[PDB]
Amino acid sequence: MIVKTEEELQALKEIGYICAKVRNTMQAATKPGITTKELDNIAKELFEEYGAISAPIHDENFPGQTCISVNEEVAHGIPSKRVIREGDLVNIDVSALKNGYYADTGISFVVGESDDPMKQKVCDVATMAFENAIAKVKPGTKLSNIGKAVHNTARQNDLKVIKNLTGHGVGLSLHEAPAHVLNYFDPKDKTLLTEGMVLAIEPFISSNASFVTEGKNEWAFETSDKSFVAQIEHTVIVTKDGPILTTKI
């Protein structure tokens, strides 16, 4: 959406805080021996406490409060009896609405230690890619600068991006204009960012695969080659004085 009023701004900040709090609480609770359903139950309780509703449940009839994707799963994983293990690469993606307004945020991290440093590397590079993307965000700037920055960051680190997962506008719905915030540069795109525009920026950095495919069920996205993939996602408001992240707290 485009923010035009202080009441809209406040509503976005409220739901962003709630999603950040949930994301942080879930991440802190992720340890070997917890199941992904038990982690999802944290979101259930917190959404109730804060008067928010799961966007996956509301918008998509997704069977889970949140999306929790482990190892071979990159996105849209269904919380279940799956147990977290030492060295897992976990993505927790929290999106919700309150009073009609939305936020969307996500983080990938390594549980304990993996024997392969590549798991942490993709996380480190996803973080850098996010930072580099938002350093580009201002009214009048090209949307495509975001994907250009993300892919350049990946290349600087000998990594790839997931080309077929994107960010998106957010605000009155989970997904709205701009339709797609790519992870790479499209030289033909003339779309600009504008003052008050709200978008979810979510680089996906991969150790090998450049795309995801349908996974073990009708929701999860995976890589057949079991690439290590990390996401960092925030909801961002484009302002004259710099990007405001509703989901950073």
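All residue numbers refer to positions in the sequence shown, first residue = 1.
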query	finding
182-190 set against 46-54, stretch whose average Cα temperature factor tops the other in the entry	182-190
Between 216-224 and 31-39 (mean CA B-factor, as deposited), the higher	216-224
Criterion, highest CA B-factor; candidates, 231, 24, 235, 239	239
Of the residues 61, 65, 69, 207, the one carrying the largest Cα B-factor as recorded	61
Within-chain third of residue 167 by Cα B-factor, per the entry	lowest
Third assignment of residue 73 from its chain's C-alpha B-factors	middle
Lowest, middle or highest third - CA B-factor, residue 112	highest
Record-listed C-alpha B factor of residue 87: chain third	middle
Third of the chain's Cα B-factor distribution that residue 127 belongs to, per the entry	middle
